[PDB]
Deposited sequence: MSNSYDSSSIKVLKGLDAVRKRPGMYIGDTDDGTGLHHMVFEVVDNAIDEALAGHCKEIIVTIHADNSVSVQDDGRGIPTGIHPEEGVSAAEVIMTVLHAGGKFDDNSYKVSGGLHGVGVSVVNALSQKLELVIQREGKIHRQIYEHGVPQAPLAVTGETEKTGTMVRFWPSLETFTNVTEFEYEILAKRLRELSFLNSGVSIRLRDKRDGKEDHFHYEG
């Protein structure tokens, strides 16, 4: 019913990715996938709940963004039949994570909130299962890790550290007070962005 519109939106995006993410052969859209997710963590930092953000380039050519904010609300949003988090990750409308989720072959969500750790896995924007609790924790935050769909992205398929590094530096300048870490698991290089 609402799943109907969601899958409609997901179609829409995988069908015309240039309309939402940008160019799929350039590097431009692929890297925009990261900034869209980081964008979301910056909102949580503009709300005064997030102090540090961690962008990691993993060795299998996936990227993750971790914040120590509140964590996305997990309560089943009882108009639709699923966690508020799932609605955030899957509904269309800065374009929203659902664009990134739709063009990701795989996407892992981990939320730490009200003393629990919740995990959900998606494939091409579609949940494997409802948001489920995997254990206790005393910290809070949201972590989104995604693997770009190779059906969508070609040519430039690998993330460039210096392209992220540049945009993350810029975003730290524009949002005074946030701290951002970039780590490349491939060769160990790190950097830290913070403009007092």
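In sequence order, what intervals of the deposited sequence carry no C-alpha positions?
Gaps in the modelled chain, taken against the deposited sequence, lie at 1-6, 100-116, 220.
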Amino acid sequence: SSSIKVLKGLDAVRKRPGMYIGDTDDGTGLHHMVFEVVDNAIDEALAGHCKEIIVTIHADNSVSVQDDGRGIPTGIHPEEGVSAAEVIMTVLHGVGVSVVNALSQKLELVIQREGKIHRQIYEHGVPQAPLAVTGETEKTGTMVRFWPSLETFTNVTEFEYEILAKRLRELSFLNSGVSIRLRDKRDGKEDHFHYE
From here on, numbers count along this sequence of modelled residues.
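Under this definition, the rigid core comprises the largest set of C-alpha atoms superposing within 1.5 Å between the forms.
Please tell me which region, 186-194 or 1-9, has C-alphas lying farther from the displayed form on average in 5 other deposited structures of this protein, with superposition done on the core.
Checking 186-194 against 1-9 in 5 other deposited structures of this protein, I find the farther stretch is 1-9.
Between stretches 72-80 and 97-105, more displaced by Cα RMS in 5 other deposited structures of this protein (rigid core superposition)
Comparing 72-80 with 97-105, the larger C-alpha deviation in 5 other deposited structures of this protein belongs to 72-80.
Would you determine, from the values in the PDB entry, which of 76-84 and 119-127 has the greater average C-alpha temperature factor?
It is 76-84 that shows the higher mean C-alpha B-factor.
Look over 49-57 and 31-39 in the entry and identify the one with the greater average Cα temperature factor.
The deposited B-factors put 49-57 ahead on the C-alpha mean.
Among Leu103, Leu92, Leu107, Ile111, which residue carries the highest C-alpha B-factor recorded in the PDB entry?
Going by the entry's C-alpha B-factors, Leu92 comes out highest.
Lowest, middle or highest third of the chain for the C-alpha temperature factor of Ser64?
Answer is lowest: the recorded C-alpha B-factor places it there.
Third assignment of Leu150 from its chain's C-alpha B-factors:
As the PDB entry reports it, the C-alpha B-factor of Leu150 lands in the highest third of its chain.
Could you say whether, by C-alpha temperature factor, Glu162 belongs to the lowest, middle or highest third of its chain?
For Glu162, whose C-alpha B-factor we compare with every modelled residue in the chain, the answer is the middle third.
Determine, from the deposited record, the chain-internal third of the Cα B-factor for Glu170: lowest, middle or highest.
For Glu170, whose C-alpha B-factor we compare with every modelled residue in the chain, the answer is the lowest third.
Per the entry's values, where does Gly22 land by CA temperature factor relative to the rest of its chain, in the lowest, middle or highest third?
Lowest third of the chain for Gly22's C-alpha B-factor.
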